[PDB]
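Q: Below you'll find the structure I mean.
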Amino acid sequence: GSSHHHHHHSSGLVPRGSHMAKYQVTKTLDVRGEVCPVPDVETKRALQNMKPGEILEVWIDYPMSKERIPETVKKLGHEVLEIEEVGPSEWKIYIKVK
């Protein structure tokens with residue numbers, strides 16, 4: 001994947017924070033060019049089995065947070081940390097299980 005050696009990436013506090021902020025994200029959920037109904041059951045596990053202080057990403061053409069709200073609100077409220085856009089119907093959302 002991305003792990004090959006020791007952690008020597010984000011060592012010192014670099015102020016080179018470009019457009020995209022280097023937040024403490026854990027996983028990323030991408031449902032762009034989907035095929036089989038596998039990705040569907042995937043997101044289901046996200047809300048069905050949310051972890052305490054988890055942080056996930058969302059890259060699609062629709063706000064998945066729609067179902068996220070009912071879940072996080074059942075316990076706390078919402079996993080809202082960041083929201084942005086990219087193109088016409090393609091947007092990017094940031095979610096974080098508190």
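Quick note on naming: the chains in the structure tokens go A, B, ... in the order shown, residues restart at 1 in each chain, and ligands are numbered from 1 in order of appearance.
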Excluding region 80-88 of chain A and its own-chain neighbours fewer than 5 positions away, which residues fall within 12 Å of it when counting only C-alpha atoms? Please give them as a PDB file with N, CA, C and O atoms, in the first residue's frame.
A:
ATOM      1  N   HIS A  19      -3.568  23.775  -0.861  1.00  0.00           N
ATOM      2  CA  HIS A  19      -5.026  23.817  -0.909  1.00  0.00           C
ATOM      3  C   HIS A  19      -5.637  22.817   0.066  1.00  0.00           C
ATOM      4  O   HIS A  19      -6.347  23.200   0.997  1.00  0.00           O
ATOM      5  N   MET A  20      -5.358  21.537  -0.152  1.00  0.00           N
ATOM      6  CA  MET A  20      -5.882  20.483   0.709  1.00  0.00           C
ATOM      7  C   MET A  20      -5.126  20.434   2.033  1.00  0.00           C
ATOM      8  O   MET A  20      -3.904  20.297   2.057  1.00  0.00           O
ATOM      9  N   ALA A  21      -5.864  20.549   3.133  1.00  0.00           N
ATOM     10  CA  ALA A  21      -5.268  20.519   4.462  1.00  0.00           C
ATOM     11  C   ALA A  21      -4.911  19.095   4.871  1.00  0.00           C
ATOM     12  O   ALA A  21      -5.656  18.155   4.597  1.00  0.00           O
ATOM     13  N   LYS A  22      -3.765  18.943   5.528  1.00  0.00           N
ATOM     14  CA  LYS A  22      -3.307  17.633   5.974  1.00  0.00           C
ATOM     15  C   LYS A  22      -3.932  17.262   7.315  1.00  0.00           C
ATOM     16  O   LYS A  22      -3.261  17.265   8.348  1.00  0.00           O
ATOM     17  N   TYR A  23      -5.223  16.945   7.292  1.00  0.00           N
ATOM     18  CA  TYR A  23      -5.941  16.570   8.505  1.00  0.00           C
ATOM     19  C   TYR A  23      -5.565  15.159   8.944  1.00  0.00           C
ATOM     20  O   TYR A  23      -4.953  14.405   8.187  1.00  0.00           O
ATOM     21  N   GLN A  24      -5.929  14.808  10.174  1.00  0.00           N
ATOM     22  CA  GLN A  24      -5.625  13.487  10.714  1.00  0.00           C
ATOM     23  C   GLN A  24      -6.694  12.475  10.310  1.00  0.00           C
ATOM     24  O   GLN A  24      -7.410  11.941  11.158  1.00  0.00           O
ATOM     25  N   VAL A  25      -6.791  12.213   9.010  1.00  0.00           N
ATOM     26  CA  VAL A  25      -7.767  11.260   8.494  1.00  0.00           C
ATOM     27  C   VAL A  25      -7.245   9.832   8.609  1.00  0.00           C
ATOM     28  O   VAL A  25      -6.044   9.588   8.488  1.00  0.00           O
ATOM     29  N   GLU A  54     -13.056   7.767  15.070  1.00  0.00           N
ATOM     30  CA  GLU A  54     -12.590   7.503  13.711  1.00  0.00           C
ATOM     31  C   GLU A  54     -12.754   8.723  12.811  1.00  0.00           C
ATOM     32  O   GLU A  54     -13.590   9.590  13.062  1.00  0.00           O
ATOM     33  N   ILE A  55     -11.952   8.768  11.751  1.00  0.00           N
ATOM     34  CA  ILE A  55     -12.010   9.851  10.777  1.00  0.00           C
ATOM     35  C   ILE A  55     -11.964   9.283   9.362  1.00  0.00           C
ATOM     36  O   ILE A  55     -10.996   8.621   8.985  1.00  0.00           O
ATOM     37  N   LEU A  56     -13.025   9.509   8.592  1.00  0.00           N
ATOM     38  CA  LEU A  56     -13.102   8.974   7.239  1.00  0.00           C
ATOM     39  C   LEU A  56     -13.307  10.076   6.208  1.00  0.00           C
ATOM     40  O   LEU A  56     -13.691  11.197   6.540  1.00  0.00           O
ATOM     41  N   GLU A  57     -13.061   9.733   4.949  1.00  0.00           N
ATOM     42  CA  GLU A  57     -13.238  10.666   3.844  1.00  0.00           C
ATOM     43  C   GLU A  57     -14.364  10.192   2.932  1.00  0.00           C
ATOM     44  O   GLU A  57     -14.762   9.028   2.982  1.00  0.00           O
ATOM     45  N   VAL A  58     -14.898  11.099   2.119  1.00  0.00           N
ATOM     46  CA  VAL A  58     -15.983  10.754   1.206  1.00  0.00           C
ATOM     47  C   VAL A  58     -15.838  11.484  -0.126  1.00  0.00           C
ATOM     48  O   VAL A  58     -15.962  12.706  -0.191  1.00  0.00           O
ATOM     49  N   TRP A  59     -15.594  10.723  -1.187  1.00  0.00           N
ATOM     50  CA  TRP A  59     -15.443  11.295  -2.522  1.00  0.00           C
ATOM     51  C   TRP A  59     -16.451  10.685  -3.490  1.00  0.00           C
ATOM     52  O   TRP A  59     -16.290   9.546  -3.930  1.00  0.00           O
ATOM     53  N   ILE A  60     -17.507  11.438  -3.796  1.00  0.00           N
ATOM     54  CA  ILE A  60     -18.544  10.966  -4.709  1.00  0.00           C
ATOM     55  C   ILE A  60     -19.317  12.134  -5.309  1.00  0.00           C
ATOM     56  O   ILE A  60     -18.894  13.286  -5.215  1.00  0.00           O
ATOM     57  N   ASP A  61     -20.457  11.829  -5.926  1.00  0.00           N
ATOM     58  CA  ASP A  61     -21.292  12.853  -6.540  1.00  0.00           C
ATOM     59  C   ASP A  61     -22.503  13.168  -5.668  1.00  0.00           C
ATOM     60  O   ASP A  61     -23.305  14.043  -5.995  1.00  0.00           O
ATOM     61  N   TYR A  62     -22.631  12.451  -4.555  1.00  0.00           N
ATOM     62  CA  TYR A  62     -23.744  12.655  -3.634  1.00  0.00           C
ATOM     63  C   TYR A  62     -23.265  12.626  -2.184  1.00  0.00           C
ATOM     64  O   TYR A  62     -22.313  11.922  -1.851  1.00  0.00           O
ATOM     65  N   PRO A  63     -23.922  13.396  -1.295  1.00  0.00           N
ATOM     66  CA  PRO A  63     -23.549  13.460   0.122  1.00  0.00           C
ATOM     67  C   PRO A  63     -23.969  12.213   0.897  1.00  0.00           C
ATOM     68  O   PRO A  63     -25.145  12.039   1.220  1.00  0.00           O
ATOM     69  N   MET A  64     -23.000  11.354   1.199  1.00  0.00           N
ATOM     70  CA  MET A  64     -23.264  10.131   1.951  1.00  0.00           C
ATOM     71  C   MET A  64     -23.655  10.459   3.390  1.00  0.00           C
ATOM     72  O   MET A  64     -24.274   9.647   4.083  1.00  0.00           O
ATOM     73  N   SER A  65     -23.302  11.664   3.825  1.00  0.00           N
ATOM     74  CA  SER A  65     -23.608  12.110   5.176  1.00  0.00           C
ATOM     75  C   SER A  65     -25.112  12.086   5.438  1.00  0.00           C
ATOM     76  O   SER A  65     -25.550  12.239   6.577  1.00  0.00           O
ATOM     77  N   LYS A  66     -25.898  11.897   4.381  1.00  0.00           N
ATOM     78  CA  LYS A  66     -27.352  11.850   4.509  1.00  0.00           C
ATOM     79  C   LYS A  66     -27.772  10.770   5.499  1.00  0.00           C
ATOM     80  O   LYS A  66     -28.626  10.998   6.354  1.00  0.00           O
ATOM     81  N   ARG A  68     -25.432   9.266   7.391  1.00  0.00           N
ATOM     82  CA  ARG A  68     -24.509   9.452   8.501  1.00  0.00           C
ATOM     83  C   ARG A  68     -25.158  10.246   9.632  1.00  0.00           C
ATOM     84  O   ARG A  68     -24.975   9.924  10.804  1.00  0.00           O
ATOM     85  N   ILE A  69     -25.914  11.286   9.277  1.00  0.00           N
ATOM     86  CA  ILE A  69     -26.564  12.133  10.277  1.00  0.00           C
ATOM     87  C   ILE A  69     -27.427  11.312  11.243  1.00  0.00           C
ATOM     88  O   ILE A  69     -27.219  11.369  12.453  1.00  0.00           O
ATOM     89  N   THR A  72     -24.951   9.119  13.659  1.00  0.00           N
ATOM     90  CA  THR A  72     -24.186   9.905  14.623  1.00  0.00           C
ATOM     91  C   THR A  72     -25.101  10.663  15.579  1.00  0.00           C
ATOM     92  O   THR A  72     -24.736  10.909  16.725  1.00  0.00           O
ATOM     93  N   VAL A  73     -26.285  11.041  15.102  1.00  0.00           N
ATOM     94  CA  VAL A  73     -27.230  11.776  15.935  1.00  0.00           C
ATOM     95  C   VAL A  73     -27.865  10.861  16.975  1.00  0.00           C
ATOM     96  O   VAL A  73     -28.222  11.304  18.066  1.00  0.00           O
ATOM     97  N   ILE A  93     -16.500  15.380   0.788  1.00  0.00           N
ATOM     98  CA  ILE A  93     -16.930  15.609   2.162  1.00  0.00           C
ATOM     99  C   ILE A  93     -16.015  14.900   3.155  1.00  0.00           C
ATOM    100  O   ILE A  93     -15.449  13.848   2.853  1.00  0.00           O
ATOM    101  N   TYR A  94     -15.880  15.481   4.342  1.00  0.00           N
ATOM    102  CA  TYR A  94     -15.056  14.901   5.397  1.00  0.00           C
ATOM    103  C   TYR A  94     -15.913  14.577   6.616  1.00  0.00           C
ATOM    104  O   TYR A  94     -16.615  15.448   7.142  1.00  0.00           O
ATOM    105  N   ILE A  95     -15.808  13.336   7.087  1.00  0.00           N
ATOM    106  CA  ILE A  95     -16.603  12.867   8.217  1.00  0.00           C
ATOM    107  C   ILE A  95     -15.697  12.319   9.317  1.00  0.00           C
ATOM    108  O   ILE A  95     -14.590  11.855   9.037  1.00  0.00           O
ATOM    109  N   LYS A  96     -16.132  12.431  10.573  1.00  0.00           N
ATOM    110  CA  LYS A  96     -15.311  11.962  11.688  1.00  0.00           C
ATOM    111  C   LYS A  96     -16.157  11.515  12.877  1.00  0.00           C
ATOM    112  O   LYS A  96     -16.752  12.337  13.574  1.00  0.00           O
ATOM    113  N   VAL A  97     -16.182  10.208  13.118  1.00  0.00           N
ATOM    114  CA  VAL A  97     -16.920   9.657  14.247  1.00  0.00           C
ATOM    115  C   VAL A  97     -16.316  10.143  15.560  1.00  0.00           C
ATOM    116  O   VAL A  97     -15.190   9.781  15.904  1.00  0.00           O
ATOM    117  N   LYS A  98     -17.059  10.987  16.270  1.00  0.00           N
ATOM    118  CA  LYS A  98     -16.593  11.542  17.536  1.00  0.00           C
ATOM    119  C   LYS A  98     -16.612  10.488  18.638  1.00  0.00           C
ATOM    120  O   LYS A  98     -15.536  10.207  19.204  1.00  0.00           O
TER     121      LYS A  98
END
Q: Pull the alpha helix (DSSP H) assignments for chain A out of DSSP run on the backbone, and list those residues as a PyMOL selection string.
A: chain A and resi 38-48+65-75
Q: For the residues selected in the previous step, produce a file with N, CA and C atoms as a tab-separated table (two decimals), in the first residue's frame.
A:
chain	number	residue	atom	x	y	z
A	38	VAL	N	-20.86	-4.51	-4.14
A	38	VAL	CA	-19.95	-4.64	-3.01
A	38	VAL	C	-19.76	-3.31	-2.27
A	39	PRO	N	-19.39	-2.23	-2.99
A	39	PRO	CA	-19.20	-0.91	-2.37
A	39	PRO	C	-20.42	-0.45	-1.58
A	40	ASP	N	-21.60	-0.89	-2.02
A	40	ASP	CA	-22.84	-0.54	-1.34
A	40	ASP	C	-22.86	-1.10	0.08
A	41	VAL	N	-22.55	-2.39	0.20
A	41	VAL	CA	-22.52	-3.05	1.50
A	41	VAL	C	-21.38	-2.51	2.35
A	42	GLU	N	-20.39	-1.91	1.70
A	42	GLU	CA	-19.23	-1.35	2.39
A	42	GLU	C	-19.65	-0.16	3.26
A	43	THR	N	-20.22	0.86	2.62
A	43	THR	CA	-20.66	2.05	3.34
A	43	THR	C	-21.63	1.68	4.45
A	44	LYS	N	-22.42	0.64	4.22
A	44	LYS	CA	-23.38	0.17	5.22
A	44	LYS	C	-22.67	-0.17	6.52
A	45	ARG	N	-21.51	-0.82	6.41
A	45	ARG	CA	-20.72	-1.18	7.58
A	45	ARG	C	-20.22	0.06	8.30
A	46	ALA	N	-19.99	1.13	7.54
A	46	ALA	CA	-19.51	2.38	8.12
A	46	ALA	C	-20.45	2.88	9.21
A	47	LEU	N	-21.73	3.02	8.87
A	47	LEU	CA	-22.73	3.50	9.82
A	47	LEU	C	-23.15	2.40	10.81
A	48	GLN	N	-23.24	1.17	10.32
A	48	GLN	CA	-23.65	0.05	11.15
A	48	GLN	C	-22.61	-0.28	12.22
A	65	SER	N	-23.30	11.66	3.82
A	65	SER	CA	-23.61	12.11	5.18
A	65	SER	C	-25.11	12.09	5.44
A	66	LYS	N	-25.90	11.90	4.38
A	66	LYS	CA	-27.35	11.85	4.51
A	66	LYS	C	-27.77	10.77	5.50
A	67	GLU	N	-27.16	9.60	5.39
A	67	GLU	CA	-27.45	8.49	6.29
A	67	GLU	C	-26.57	8.60	7.54
A	68	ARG	N	-25.43	9.27	7.39
A	68	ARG	CA	-24.51	9.45	8.50
A	68	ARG	C	-25.16	10.25	9.63
A	69	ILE	N	-25.91	11.29	9.28
A	69	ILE	CA	-26.56	12.13	10.28
A	69	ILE	C	-27.43	11.31	11.24
A	70	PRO	N	-28.41	10.53	10.73
A	70	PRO	CA	-29.28	9.72	11.58
A	70	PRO	C	-28.51	8.84	12.56
A	71	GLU	N	-27.37	8.31	12.11
A	71	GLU	CA	-26.55	7.44	12.94
A	71	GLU	C	-25.85	8.22	14.05
A	72	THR	N	-24.95	9.12	13.66
A	72	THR	CA	-24.19	9.91	14.62
A	72	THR	C	-25.10	10.66	15.58
A	73	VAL	N	-26.28	11.04	15.10
A	73	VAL	CA	-27.23	11.78	15.94
A	73	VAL	C	-27.86	10.86	16.97
A	74	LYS	N	-27.98	9.58	16.64
A	74	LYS	CA	-28.52	8.60	17.58
A	74	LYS	C	-27.67	8.60	18.84
A	75	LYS	N	-26.35	8.66	18.64
A	75	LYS	CA	-25.41	8.73	19.75
A	75	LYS	C	-25.13	10.18	20.12
Q: To one decimal in Å, tell me the separation between CA of residue 6 (chain A) and CA of residue 27 (chain A).
A: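 One can read the CA of residue 6 (chain A) to CA of residue 27 (chain A) distance as 19.8 Å.
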